[PDB]
$ cat my_file-v5.tsv   # TSV, C-alpha atoms
chain	number	residue	atom	x	y	z
J	1	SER	CA	157.84	144.49	131.80
J	2	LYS	CA	156.52	145.69	135.16
J	3	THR	CA	153.15	144.38	136.34
J	4	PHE	CA	150.87	146.50	138.52
J	5	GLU	CA	147.67	145.39	140.24
J	6	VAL	CA	145.12	148.20	140.16
J	7	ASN	CA	142.34	148.41	142.75
J	8	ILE	CA	139.43	150.48	141.45
J	9	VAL	CA	136.44	151.34	143.64
J	10	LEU	CA	133.43	152.65	141.75
J	11	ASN	CA	131.19	155.59	142.64
J	12	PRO	CA	128.26	154.35	144.72
J	13	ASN	CA	126.08	157.08	143.21
J	14	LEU	CA	125.99	155.28	139.86
J	15	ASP	CA	123.35	152.92	138.50
J	16	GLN	CA	124.12	149.26	137.81
J	17	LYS	CA	124.92	150.08	134.19
J	18	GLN	CA	126.54	153.42	134.99
J	19	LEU	CA	128.92	151.23	136.97
J	20	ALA	CA	129.59	149.52	133.64
J	21	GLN	CA	130.07	152.98	132.18
J	22	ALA	CA	132.50	153.49	135.06
J	23	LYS	CA	133.99	150.11	134.18
J	24	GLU	CA	134.44	151.25	130.58
J	25	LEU	CA	135.75	154.61	131.76
J	26	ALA	CA	138.16	152.74	134.02
J	27	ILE	CA	139.19	150.41	131.20
J	28	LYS	CA	139.75	153.43	128.96
J	29	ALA	CA	142.13	154.94	131.51
J	30	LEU	CA	143.60	151.50	132.18
J	31	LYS	CA	144.35	151.14	128.47
J	32	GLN	CA	145.99	154.56	128.58
J	33	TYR	CA	148.33	153.05	131.16
J	34	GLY	CA	148.93	150.00	128.97
J	35	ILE	CA	147.41	146.87	127.42
J	36	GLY	CA	149.81	144.11	128.47
J	37	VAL	CA	148.92	140.86	130.23
J	38	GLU	CA	145.62	141.58	131.97
J	39	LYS	CA	143.79	139.74	134.75
J	40	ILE	CA	140.39	141.11	135.72
J	41	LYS	CA	139.12	140.39	139.23
J	42	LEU	CA	135.86	142.18	139.97
J	43	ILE	CA	135.74	142.14	143.77
J	44	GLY	CA	132.25	142.44	145.26
J	45	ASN	CA	133.03	142.10	148.96
J	46	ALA	CA	135.68	144.79	149.36
J	47	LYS	CA	133.49	147.25	151.27
J	48	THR	CA	136.66	148.69	152.80
J	49	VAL	CA	136.57	152.26	151.51
J	50	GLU	CA	136.15	155.87	152.62
J	51	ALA	CA	132.59	155.85	151.28
J	52	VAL	CA	131.79	152.49	152.86
J	53	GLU	CA	128.54	154.12	153.98
J	54	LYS	CA	127.28	153.74	150.41
J	55	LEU	CA	129.79	151.09	149.37
J	56	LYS	CA	128.89	148.39	151.89
J	57	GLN	CA	128.62	146.18	148.80
J	58	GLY	CA	132.32	146.66	148.10
J	59	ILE	CA	132.18	147.65	144.43
J	60	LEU	CA	135.88	147.17	143.75
J	61	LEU	CA	137.15	146.15	140.32
J	62	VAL	CA	140.70	144.79	140.34
J	63	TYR	CA	142.76	145.01	137.16
J	64	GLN	CA	146.13	143.24	137.26
J	65	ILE	CA	147.90	144.73	134.25
J	66	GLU	CA	151.44	144.38	132.91
J	67	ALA	CA	152.86	147.68	131.66
J	68	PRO	CA	155.78	150.07	132.11
J	69	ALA	CA	155.90	151.89	135.44
J	70	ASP	CA	156.51	155.22	133.72
J	71	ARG	CA	152.79	155.60	133.07
J	72	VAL	CA	151.62	154.89	136.61
J	73	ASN	CA	151.06	158.62	137.06
J	74	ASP	CA	148.64	158.70	134.13
J	75	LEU	CA	147.21	155.38	135.29
J	76	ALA	CA	146.04	156.83	138.61
J	77	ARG	CA	145.49	160.29	137.13
J	78	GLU	CA	143.08	159.13	134.43
J	79	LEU	CA	141.30	156.78	136.82
J	80	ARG	CA	141.09	159.21	139.73
J	81	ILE	CA	140.03	162.18	137.60
J	82	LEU	CA	136.83	160.26	136.88
J	83	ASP	CA	133.71	161.30	138.77
J	84	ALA	CA	132.51	157.74	138.17
J	85	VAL	CA	135.27	156.14	140.24
J	86	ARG	CA	135.26	156.58	144.01
J	87	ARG	CA	138.82	155.46	144.71
J	88	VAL	CA	141.88	154.23	142.82
J	89	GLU	CA	144.89	152.35	144.19
J	90	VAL	CA	147.92	151.00	142.33
J	91	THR	CA	150.06	148.27	143.89
J	92	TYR	CA	152.93	146.57	142.07
J	93	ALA	CA	152.44	142.83	141.58
J	94	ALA	CA	154.50	139.85	140.41
J	95	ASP	CA	155.84	140.44	136.90

$ encode --input "my_file-v5.tsv" --output "structure tokens"
Amino acid sequence: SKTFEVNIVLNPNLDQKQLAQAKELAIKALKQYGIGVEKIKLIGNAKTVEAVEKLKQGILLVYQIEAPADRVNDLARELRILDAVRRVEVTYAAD
């Protein structure tokens, strides 16, 4: 019943609706991880990122999702493999 908080930073080279395509691509991969208790926090001030040059707006979608830790590899794999997501971090949160 592990709960992981996923920090997803979207590719700055996308349009405003291609960021929603990246959101849906993220959610796809996020669902591949699991579909347990979910809390969506779209952070719009988290400029902190390698590509801060183009991500001064801090396009960082947070998904706090409960699911087994066995699939954390596929979680980050399926999120990071995207050319629509700039950066993906996975930090364990309160169950």

$ residues_around --input "my_file-v5.tsv" --residues "residue 75 of chain J" --least-positions-apart "2" --cutoff "10 Å" --atoms "all atoms listed in the file" --output "VMD selection string"
chain J and resid 6 26 28 to 34 69 to 73 77 to 80 88 to 90

$ write_last_selection --input "my_file-v5.tsv" --atoms "C-alpha atoms" --output "CSV table (one decimal), in the frame of the given file"
chain,number,residue,atom,x,y,z
J,6,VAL,CA,145.1,148.2,140.2
J,26,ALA,CA,138.2,152.7,134.0
J,28,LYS,CA,139.8,153.4,129.0
J,29,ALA,CA,142.1,154.9,131.5
J,30,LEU,CA,143.6,151.5,132.2
J,31,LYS,CA,144.4,151.1,128.5
J,32,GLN,CA,146.0,154.6,128.6
J,33,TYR,CA,148.3,153.0,131.2
J,34,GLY,CA,148.9,150.0,129.0
J,69,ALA,CA,155.9,151.9,135.4
J,70,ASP,CA,156.5,155.2,133.7
J,71,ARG,CA,152.8,155.6,133.1
J,72,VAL,CA,151.6,154.9,136.6
J,73,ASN,CA,151.1,158.6,137.1
J,77,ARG,CA,145.5,160.3,137.1
J,78,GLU,CA,143.1,159.1,134.4
J,79,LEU,CA,141.3,156.8,136.8
J,80,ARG,CA,141.1,159.2,139.7
J,88,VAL,CA,141.9,154.2,142.8
J,89,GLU,CA,144.9,152.4,144.2
J,90,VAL,CA,147.9,151.0,142.3

$ axis_aligned_box --input "my_file-v5.tsv" --around "segment 29-41 of chain J" --padding-each-side "5 Å" --output "JSON"
{"center_x": 144.5, "center_y": 147.3, "center_z": 133.3, "size_x": 20.7, "size_y": 25.2, "size_z": 21.8}

$ atom_distance --input "my_file-v5.tsv" --atom1 "atom CA of residue 36 of chain J" --atom2 "atom CA of residue 5 of chain J"
12.0 Å

$ atom_distance --input "my_file-v5.tsv" --atom1 "atom CA of residue 37 of chain J" --atom2 "atom CA of residue 25 of chain J"
19.1 Å

$ atom_distance --input "my_file-v5.tsv" --atom1 "atom CA of residue 20 of chain J" --atom2 "atom CA of residue 42 of chain J"
11.5 Å

$ residues_near_point --input "my_file-v5.tsv" --point "(155.1, 139.7, 141.3)" --cutoff "12 Å" --atoms "only C-alpha atoms" --output "ChimeraX atom specification"
/J:1-5,64-66,91-95

$ closest_residue --input "my_file-v5.tsv" --among "J:87, J:23, J:39, J:76" --to "residue 55 of chain J" --atoms "all atoms listed in the file"
J:87

$ build_atoms --input "my_file-v5.tsv" --residues "segment 34-59 of chain J" --atoms "N, CA, C and O atoms" --output "mmCIF file, in the frame of the given file"
data_model
loop_
_atom_site.group_PDB
_atom_site.id
_atom_site.type_symbol
_atom_site.label_atom_id
_atom_site.label_comp_id
_atom_site.auth_asym_id
_atom_site.auth_seq_id
_atom_site.Cartn_x
_atom_site.Cartn_y
_atom_site.Cartn_z
ATOM 1 N N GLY J 34 148.340 151.045 129.796
ATOM 2 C CA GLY J 34 148.930 150.000 128.970
ATOM 3 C C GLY J 34 147.931 148.879 128.702
ATOM 4 O O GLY J 34 146.845 148.853 129.281
ATOM 5 N N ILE J 35 148.305 147.957 127.822
ATOM 6 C CA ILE J 35 147.410 146.870 127.420
ATOM 7 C C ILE J 35 148.144 145.537 127.405
ATOM 8 O O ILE J 35 147.867 144.678 126.568
ATOM 9 N N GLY J 36 149.079 145.368 128.335
ATOM 10 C CA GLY J 36 149.810 144.110 128.470
ATOM 11 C C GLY J 36 148.972 143.060 129.179
ATOM 12 O O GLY J 36 147.769 143.236 129.373
ATOM 13 N N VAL J 37 149.614 141.964 129.569
ATOM 14 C CA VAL J 37 148.920 140.860 130.230
ATOM 15 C C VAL J 37 147.949 141.379 131.282
ATOM 16 O O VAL J 37 148.342 142.082 132.213
ATOM 17 N N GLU J 38 146.678 141.025 131.128
ATOM 18 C CA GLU J 38 145.620 141.580 131.970
ATOM 19 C C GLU J 38 144.848 140.471 132.678
ATOM 20 O O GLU J 38 144.436 139.492 132.056
ATOM 21 N N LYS J 39 144.656 140.633 133.983
ATOM 22 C CA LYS J 39 143.790 139.740 134.750
ATOM 23 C C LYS J 39 142.741 140.518 135.523
ATOM 24 O O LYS J 39 143.063 141.272 136.441
ATOM 25 N N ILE J 40 141.479 140.333 135.148
ATOM 26 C CA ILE J 40 140.390 141.110 135.720
ATOM 27 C C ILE J 40 139.718 140.371 136.865
ATOM 28 O O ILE J 40 139.125 139.310 136.667
ATOM 29 N N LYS J 41 139.817 140.932 138.065
ATOM 30 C CA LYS J 41 139.120 140.390 139.230
ATOM 31 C C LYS J 41 138.160 141.402 139.821
ATOM 32 O O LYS J 41 138.556 142.261 140.609
ATOM 33 N N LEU J 42 136.892 141.300 139.440
ATOM 34 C CA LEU J 42 135.860 142.180 139.970
ATOM 35 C C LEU J 42 135.456 141.769 141.383
ATOM 36 O O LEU J 42 134.675 140.834 141.567
ATOM 37 N N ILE J 43 135.992 142.471 142.375
ATOM 38 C CA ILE J 43 135.740 142.140 143.770
ATOM 39 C C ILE J 43 134.446 142.790 144.263
ATOM 40 O O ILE J 43 134.237 143.990 144.085
ATOM 41 N N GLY J 44 133.585 141.989 144.880
ATOM 42 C CA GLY J 44 132.250 142.440 145.260
ATOM 43 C C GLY J 44 132.020 142.285 146.755
ATOM 44 O O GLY J 44 130.879 142.237 147.215
ATOM 45 N N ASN J 45 133.110 142.204 147.511
ATOM 46 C CA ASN J 45 133.030 142.100 148.960
ATOM 47 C C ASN J 45 133.955 143.094 149.643
ATOM 48 O O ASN J 45 134.012 143.167 150.871
ATOM 49 N N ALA J 46 134.682 143.862 148.838
ATOM 50 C CA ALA J 46 135.680 144.790 149.360
ATOM 51 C C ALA J 46 135.036 146.112 149.770
ATOM 52 O O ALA J 46 135.293 147.152 149.164
ATOM 53 N N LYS J 47 134.200 146.062 150.801
ATOM 54 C CA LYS J 47 133.490 147.250 151.270
ATOM 55 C C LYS J 47 134.461 148.273 151.847
ATOM 56 O O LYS J 47 134.136 149.455 151.954
ATOM 57 N N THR J 48 135.652 147.813 152.217
ATOM 58 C CA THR J 48 136.660 148.690 152.800
ATOM 59 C C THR J 48 136.939 149.886 151.908
ATOM 60 O O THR J 48 137.651 149.777 150.910
ATOM 61 N N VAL J 49 136.372 151.032 152.271
ATOM 62 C CA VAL J 49 136.570 152.260 151.510
ATOM 63 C C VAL J 49 136.023 153.467 152.259
ATOM 64 O O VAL J 49 135.143 153.334 153.109
ATOM 65 N N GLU J 50 136.548 154.645 151.939
ATOM 66 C CA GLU J 50 136.150 155.870 152.620
ATOM 67 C C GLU J 50 134.636 156.055 152.582
ATOM 68 O O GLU J 50 134.030 156.489 153.561
ATOM 69 N N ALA J 51 134.033 155.720 151.446
ATOM 70 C CA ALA J 51 132.590 155.850 151.280
ATOM 71 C C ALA J 51 131.881 154.531 151.531
ATOM 72 O O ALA J 51 130.910 154.195 150.854
ATOM 73 N N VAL J 52 132.370 153.781 152.514
ATOM 74 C CA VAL J 52 131.790 152.490 152.860
ATOM 75 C C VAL J 52 130.314 152.633 153.227
ATOM 76 O O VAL J 52 129.541 151.683 153.112
ATOM 77 N N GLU J 53 129.934 153.827 153.670
ATOM 78 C CA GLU J 53 128.540 154.120 153.980
ATOM 79 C C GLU J 53 127.626 153.737 152.823
ATOM 80 O O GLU J 53 126.553 153.171 153.028
ATOM 81 N N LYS J 54 128.058 154.048 151.605
ATOM 82 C CA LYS J 54 127.280 153.740 150.410
ATOM 83 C C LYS J 54 127.900 152.600 149.623
ATOM 84 O O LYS J 54 127.312 152.104 148.662
ATOM 85 N N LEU J 55 129.094 152.186 150.033
ATOM 86 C CA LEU J 55 129.790 151.090 149.370
ATOM 87 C C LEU J 55 129.966 149.903 150.315
ATOM 88 O O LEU J 55 131.029 149.282 150.357
ATOM 89 N N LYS J 56 128.917 149.593 151.068
ATOM 90 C CA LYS J 56 128.890 148.390 151.890
ATOM 91 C C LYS J 56 128.917 147.133 151.022
ATOM 92 O O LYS J 56 129.192 146.037 151.508
ATOM 93 N N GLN J 57 128.631 147.301 149.735
ATOM 94 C CA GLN J 57 128.620 146.180 148.800
ATOM 95 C C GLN J 57 130.010 145.907 148.247
ATOM 96 O O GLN J 57 130.255 144.860 147.650
ATOM 97 N N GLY J 58 130.918 146.855 148.452
ATOM 98 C CA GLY J 58 132.320 146.660 148.100
ATOM 99 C C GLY J 58 132.501 146.573 146.589
ATOM 100 O O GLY J 58 133.051 145.598 146.076
ATOM 101 N N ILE J 59 132.038 147.598 145.882
ATOM 102 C CA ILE J 59 132.180 147.650 144.430
ATOM 103 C C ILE J 59 133.607 147.985 144.027
ATOM 104 O O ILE J 59 133.929 149.138 143.740
#
